[PDB]
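Engineer: This one is coords_21.pdb, PDB, C-alpha atoms.
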```pdb
ATOM      1  CA  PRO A   1       7.788  -5.559 -33.856
ATOM      2  CA  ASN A   2       6.239  -8.069 -31.420
ATOM      3  CA  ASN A   3       8.592  -6.956 -28.618
ATOM      4  CA  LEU A   4       7.054  -3.893 -26.964
ATOM      5  CA  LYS A   5       3.704  -5.713 -27.122
ATOM      6  CA  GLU A   6       4.557  -8.466 -24.636
ATOM      7  CA  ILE A   7       6.737  -6.151 -22.535
ATOM      8  CA  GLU A   8       3.826  -3.736 -22.126
ATOM      9  CA  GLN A   9       1.574  -6.660 -21.184
ATOM     10  CA  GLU A  10       3.952  -7.675 -18.390
ATOM     11  CA  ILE A  11       3.848  -4.114 -17.050
ATOM     12  CA  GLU A  12       0.047  -4.317 -17.002
ATOM     13  CA  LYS A  13      -0.141  -7.602 -15.087
ATOM     14  CA  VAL A  14       2.576  -6.461 -12.671
ATOM     15  CA  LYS A  15       0.589  -3.306 -11.915
ATOM     16  CA  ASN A  16      -2.544  -5.347 -11.200
ATOM     17  CA  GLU A  17      -0.547  -7.735  -9.010
ATOM     18  CA  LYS A  18       0.850  -4.818  -7.006
ATOM     19  CA  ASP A  19      -2.665  -3.414  -6.589
ATOM     20  CA  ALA A  20      -3.811  -6.729  -5.115
ATOM     21  CA  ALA A  21      -0.916  -6.627  -2.647
ATOM     22  CA  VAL A  22      -1.746  -3.055  -1.605
ATOM     23  CA  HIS A  23      -5.405  -3.853  -0.957
ATOM     24  CA  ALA A  24      -4.395  -7.016   0.933
ATOM     25  CA  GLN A  25      -1.749  -5.146   2.988
ATOM     26  CA  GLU A  26       0.897  -7.573   1.690
ATOM     27  CA  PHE A  27       3.505  -4.829   1.555
ATOM     28  CA  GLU A  28       6.381  -7.329   1.702
ATOM     29  CA  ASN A  29       5.498  -8.614  -1.767
ATOM     30  CA  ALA A  30       4.364  -5.158  -2.890
ATOM     31  CA  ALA A  31       7.850  -3.735  -2.341
ATOM     32  CA  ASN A  32       9.350  -6.395  -4.614
ATOM     33  CA  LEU A  33       6.731  -5.760  -7.305
ATOM     34  CA  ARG A  34       7.393  -2.011  -7.220
ATOM     35  CA  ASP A  35      11.080  -2.578  -7.959
ATOM     36  CA  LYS A  36      10.225  -5.181 -10.606
ATOM     37  CA  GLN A  37       7.944  -2.725 -12.415
ATOM     38  CA  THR A  38      10.731  -0.134 -12.471
ATOM     39  CA  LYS A  39      12.982  -2.771 -14.037
ATOM     40  CA  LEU A  40      10.369  -3.488 -16.715
ATOM     41  CA  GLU A  41       9.906   0.186 -17.579
ATOM     42  CA  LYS A  42      13.662   0.814 -17.676
ATOM     43  CA  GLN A  43      14.203  -1.820 -20.365
ATOM     44  CA  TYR A  44      10.930  -0.791 -22.021
ATOM     45  CA  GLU A  45      12.267   2.698 -22.759
ATOM     46  CA  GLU A  46      15.533   1.365 -24.186
ATOM     47  CA  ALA A  47      13.775  -1.252 -26.320
ATOM     48  CA  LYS A  48      11.384   1.329 -27.770
ATOM     49  CA  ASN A  49      14.103   3.915 -28.422
ATOM     50  CA  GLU A  50      16.333   1.479 -30.311
ATOM     51  CA  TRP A  51      13.361   0.356 -32.415
ATOM     52  CA  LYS A  52      12.478   3.850 -33.627
ATOM     53  CA  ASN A  53      16.182   4.645 -34.029
ATOM     54  CA  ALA A  54      16.558   1.700 -36.408
ATOM     55  CA  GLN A  55      13.352   2.802 -38.151
ATOM     56  CA  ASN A  56      15.109   5.949 -39.381
ATOM     57  CA  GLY A  57      17.875   3.774 -40.836
ATOM     58  CA  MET A  58      15.647   2.795 -43.762
ATOM     59  CA  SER A  59      13.201   4.938 -45.730
ATOM     60  CA  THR A  60       9.804   3.538 -46.696
ATOM     61  CA  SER A  61       9.031   4.392 -50.325
ATOM     62  CA  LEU A  62       6.100   3.464 -52.535
ATOM     63  CA  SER A  63       6.332   1.264 -55.611
ATOM     64  CA  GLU A  64       4.132   0.123 -58.474
ATOM     65  CA  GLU A  65       3.644  -3.136 -56.565
ATOM     66  CA  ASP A  66       1.795  -1.345 -53.760
ATOM     67  CA  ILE A  67      -0.441   0.521 -56.210
ATOM     68  CA  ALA A  68      -1.130  -2.738 -58.049
ATOM     69  CA  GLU A  69      -2.522  -4.252 -54.850
TER      70      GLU A  69
ATOM     71  CA  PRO B   1      -8.645   6.380  33.325
ATOM     72  CA  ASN B   2      -6.037   7.906  30.976
ATOM     73  CA  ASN B   3      -5.269   4.399  29.663
ATOM     74  CA  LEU B   4      -7.618   3.830  26.730
ATOM     75  CA  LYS B   5      -7.124   7.484  25.753
ATOM     76  CA  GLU B   6      -3.348   7.254  25.329
ATOM     77  CA  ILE B   7      -3.556   3.897  23.543
ATOM     78  CA  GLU B   8      -6.238   5.212  21.183
ATOM     79  CA  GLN B   9      -4.189   8.328  20.413
ATOM     80  CA  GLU B  10      -1.141   6.234  19.512
ATOM     81  CA  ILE B  11      -3.328   3.979  17.362
ATOM     82  CA  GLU B  12      -4.713   7.060  15.607
ATOM     83  CA  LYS B  13      -1.317   8.514  14.698
ATOM     84  CA  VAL B  14      -0.088   5.069  13.627
ATOM     85  CA  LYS B  15      -3.070   4.729  11.286
ATOM     86  CA  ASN B  16      -2.308   8.107   9.709
ATOM     87  CA  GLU B  17       1.390   7.222   9.560
ATOM     88  CA  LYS B  18       0.611   4.032   7.639
ATOM     89  CA  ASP B  19      -1.385   6.049   5.102
ATOM     90  CA  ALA B  20       1.662   8.265   4.581
ATOM     91  CA  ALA B  21       3.771   5.207   3.754
ATOM     92  CA  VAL B  22       1.109   3.726   1.462
ATOM     93  CA  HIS B  23       0.696   6.876  -0.629
ATOM     94  CA  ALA B  24       4.488   7.269  -0.797
ATOM     95  CA  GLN B  25       4.964   3.616  -1.865
ATOM     96  CA  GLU B  26       7.139   3.027   1.207
ATOM     97  CA  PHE B  27       5.946  -0.549   1.508
ATOM     98  CA  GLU B  28       8.868  -1.596   3.717
ATOM     99  CA  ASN B  29       7.782   0.948   6.328
ATOM    100  CA  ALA B  30       4.131   0.022   5.758
ATOM    101  CA  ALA B  31       4.711  -3.544   6.956
ATOM    102  CA  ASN B  32       6.476  -2.306  10.095
ATOM    103  CA  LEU B  33       3.640   0.082  10.945
ATOM    104  CA  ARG B  34       1.032  -2.587  10.184
ATOM    105  CA  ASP B  35       2.547  -4.920  12.777
ATOM    106  CA  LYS B  36       2.759  -2.099  15.323
ATOM    107  CA  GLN B  37      -0.906  -1.184  14.828
ATOM    108  CA  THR B  38      -1.965  -4.794  15.386
ATOM    109  CA  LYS B  39       0.160  -4.949  18.540
ATOM    110  CA  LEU B  40      -1.389  -1.745  19.895
ATOM    111  CA  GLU B  41      -4.939  -2.937  19.214
ATOM    112  CA  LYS B  42      -4.099  -6.164  21.048
ATOM    113  CA  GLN B  43      -3.204  -4.123  24.129
ATOM    114  CA  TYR B  44      -6.262  -1.912  23.610
ATOM    115  CA  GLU B  45      -8.661  -4.862  23.811
ATOM    116  CA  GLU B  46      -6.984  -6.224  26.945
ATOM    117  CA  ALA B  47      -6.902  -2.848  28.699
ATOM    118  CA  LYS B  48     -10.514  -2.056  27.797
ATOM    119  CA  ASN B  49     -11.772  -5.447  28.990
ATOM    120  CA  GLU B  50      -9.860  -5.327  32.277
ATOM    121  CA  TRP B  51     -10.996  -1.742  32.893
ATOM    122  CA  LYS B  52     -14.670  -2.714  32.917
ATOM    123  CA  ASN B  53     -13.739  -5.875  34.827
ATOM    124  CA  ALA B  54     -12.544  -3.665  37.683
ATOM    125  CA  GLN B  55     -15.530  -1.350  37.195
ATOM    126  CA  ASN B  56     -17.962  -4.251  37.602
ATOM    127  CA  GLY B  57     -16.192  -5.235  40.824
ATOM    128  CA  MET B  58     -17.650  -2.336  42.812
ATOM    129  CA  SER B  59     -21.083  -0.713  42.732
ATOM    130  CA  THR B  60     -21.522   3.061  42.841
ATOM    131  CA  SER B  61     -23.669   4.234  45.759
ATOM    132  CA  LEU B  62     -25.587   7.494  46.191
ATOM    133  CA  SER B  63     -24.348   9.188  49.347
ATOM    134  CA  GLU B  64     -26.488  11.924  50.870
ATOM    135  CA  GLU B  65     -23.618  14.351  50.229
ATOM    136  CA  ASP B  66     -24.218  14.077  46.478
ATOM    137  CA  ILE B  67     -27.842  15.145  46.956
ATOM    138  CA  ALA B  68     -26.656  17.992  49.184
ATOM    139  CA  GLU B  69     -24.315  19.247  46.458
TER     140      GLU B  69
END
```
Kindly present the structure from the file in structure tokens form.
Structural biologist:
Amino acid sequence: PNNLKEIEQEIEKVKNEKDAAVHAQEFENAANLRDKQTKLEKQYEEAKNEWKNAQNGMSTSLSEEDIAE
Amino acid sequence: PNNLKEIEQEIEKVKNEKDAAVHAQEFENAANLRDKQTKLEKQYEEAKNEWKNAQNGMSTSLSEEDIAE
């Protein structure tokens, strides 16, 4: 639902940014990025779990409209 | 003269120690070790240069005792 998409993208760019710091020996910034990534993943798990939890709230059923299409 | 040896040994263990921090994502310790390694190499260059500076001061001569041995 257009939420875990962008959140996952931020995790990707953060990981690349940390890799650049590691190869450049900029460990001062790398330490901050490591904690930031953990923050992103922590909220990522909660956001995904609540989404699938709400998915079970409603049941997807077919209808003659779908077959008509 | 037991000077470049001891400095090189400390540089060697520091280099391995930094790798331990990097693989363990201990970036805070990595920065501290990185500065220490640079400081040691600074002393290594000075000690190595001044060692051969003293060596060039005198010239080794072949005494007849060396031939006798």
Engineer: To one decimal place, how far is CA of residue 45 (chain B) from CA of residue 13 (chain B) in Å?
Structural biologist: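 For CA of residue 45 (chain B) relative to CA of residue 13 (chain B), the distance reads 17.8 Å.
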Engineer: I would like the residues chosen by the ChimeraX specification (/A :<12) & /B on the shown file; could you give them as number ranges by chain?
Structural biologist: B: 18-19, 21-35
Engineer: Got a sec to align chain A on chain B by every in-order Cα pair and hand back the fitted coordinates as a JSON list (two decimals) with C-alpha atoms, in the frame of the given file?
Structural biologist:
```json
[["chain", "number", "residue", "atom", "x", "y", "z"],
["A", 1, "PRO", "CA", -8.95, 6.04, 33.54],
["A", 2, "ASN", "CA", -6.35, 7.97, 31.50],
["A", 3, "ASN", "CA", -5.04, 4.74, 29.93],
["A", 4, "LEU", "CA", -7.25, 3.92, 26.95],
["A", 5, "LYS", "CA", -7.11, 7.62, 26.05],
["A", 6, "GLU", "CA", -3.41, 7.73, 25.15],
["A", 7, "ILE", "CA", -3.45, 4.19, 23.74],
["A", 8, "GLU", "CA", -6.25, 5.15, 21.35],
["A", 9, "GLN", "CA", -4.30, 8.26, 20.36],
["A", 10, "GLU", "CA", -1.28, 6.14, 19.42],
["A", 11, "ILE", "CA", -3.52, 3.99, 17.22],
["A", 12, "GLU", "CA", -4.73, 7.14, 15.47],
["A", 13, "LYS", "CA", -1.26, 8.53, 14.73],
["A", 14, "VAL", "CA", -0.02, 5.09, 13.64],
["A", 15, "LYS", "CA", -2.91, 4.82, 11.17],
["A", 16, "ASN", "CA", -2.09, 8.23, 9.70],
["A", 17, "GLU", "CA", 1.60, 7.31, 9.49],
["A", 18, "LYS", "CA", 0.74, 4.11, 7.62],
["A", 19, "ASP", "CA", -1.47, 6.08, 5.23],
["A", 20, "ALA", "CA", 1.46, 8.37, 4.42],
["A", 21, "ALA", "CA", 3.62, 5.33, 3.67],
["A", 22, "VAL", "CA", 0.96, 3.83, 1.38],
["A", 23, "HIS", "CA", 0.57, 7.03, -0.63],
["A", 24, "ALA", "CA", 4.36, 7.39, -0.84],
["A", 25, "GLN", "CA", 4.83, 3.72, -1.86],
["A", 26, "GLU", "CA", 7.11, 3.22, 1.15],
["A", 27, "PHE", "CA", 5.82, -0.30, 1.69],
["A", 28, "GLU", "CA", 8.94, -1.33, 3.62],
["A", 29, "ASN", "CA", 7.98, 0.99, 6.49],
["A", 30, "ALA", "CA", 4.27, 0.37, 5.91],
["A", 31, "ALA", "CA", 4.68, -3.34, 6.66],
["A", 32, "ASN", "CA", 6.27, -2.54, 10.02],
["A", 33, "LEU", "CA", 3.51, -0.05, 10.88],
["A", 34, "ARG", "CA", 0.81, -2.59, 10.04],
["A", 35, "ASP", "CA", 2.26, -5.07, 12.53],
["A", 36, "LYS", "CA", 2.76, -2.29, 15.10],
["A", 37, "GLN", "CA", -0.90, -1.28, 14.85],
["A", 38, "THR", "CA", -1.97, -4.88, 15.45],
["A", 39, "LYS", "CA", 0.21, -4.88, 18.56],
["A", 40, "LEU", "CA", -1.46, -1.69, 19.79],
["A", 41, "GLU", "CA", -4.97, -3.03, 19.25],
["A", 42, "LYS", "CA", -4.14, -6.36, 20.89],
["A", 43, "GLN", "CA", -3.13, -4.69, 24.15],
["A", 44, "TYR", "CA", -5.94, -2.16, 23.72],
["A", 45, "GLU", "CA", -8.59, -4.89, 23.96],
["A", 46, "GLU", "CA", -7.00, -6.44, 27.06],
["A", 47, "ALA", "CA", -6.58, -3.07, 28.78],
["A", 48, "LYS", "CA", -10.21, -2.12, 28.14],
["A", 49, "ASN", "CA", -11.59, -5.51, 29.21],
["A", 50, "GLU", "CA", -9.73, -5.51, 32.52],
["A", 51, "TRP", "CA", -10.93, -1.97, 33.23],
["A", 52, "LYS", "CA", -14.62, -2.79, 32.83],
["A", 53, "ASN", "CA", -14.09, -6.08, 34.66],
["A", 54, "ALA", "CA", -12.74, -4.19, 37.67],
["A", 55, "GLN", "CA", -15.63, -1.73, 37.32],
["A", 56, "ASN", "CA", -18.08, -4.49, 38.27],
["A", 57, "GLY", "CA", -16.02, -5.18, 41.40],
["A", 58, "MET", "CA", -17.46, -2.09, 43.09],
["A", 59, "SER", "CA", -21.01, -0.73, 42.98],
["A", 60, "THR", "CA", -21.60, 3.00, 42.62],
["A", 61, "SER", "CA", -24.30, 4.13, 45.05],
["A", 62, "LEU", "CA", -25.70, 7.57, 45.80],
["A", 63, "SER", "CA", -25.33, 9.37, 49.12],
["A", 64, "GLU", "CA", -26.59, 12.50, 50.82],
["A", 65, "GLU", "CA", -23.26, 14.12, 49.93],
["A", 66, "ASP", "CA", -24.03, 13.91, 46.21],
["A", 67, "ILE", "CA", -27.51, 15.38, 46.68],
["A", 68, "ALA", "CA", -26.04, 18.15, 48.84],
["A", 69, "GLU", "CA", -23.82, 19.22, 45.95]]
```
Engineer: Find the distance between CA of residue 6 (chain B) and CA of residue 58 (chain B) and write it in Å to one decimal.
Structural biologist: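 Rounded to one decimal, the two atoms are 24.5 Å apart.
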Engineer: One decimal, in Å: what's the spacing between CA of residue 20 (chain A) and CA of residue 14 (chain B)?
Structural biologist: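 Distance reported for this atom pair: 22.5 Å.
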Engineer: Could you expand the PyMOL selection byres ((chain B and resi 44) around 12) into the explicit residues it covers here, written as a VMD selection string?
Structural biologist: chain B and resid 3 to 11 37 to 43 45 to 51
Engineer: Specify the axis-aligned box that encloses all atoms of region 35-45 of chain B listed in the file after padding of 4 Å on each side, stating its centre and edge lengths in Å to one decimal as lines of an AutoDock Vina configuration file.
Structural biologist:
```
center_x = -3.0
center_y = -3.7
center_z = 18.5
size_x = 19.4
size_y = 13.0
size_z = 19.4
```
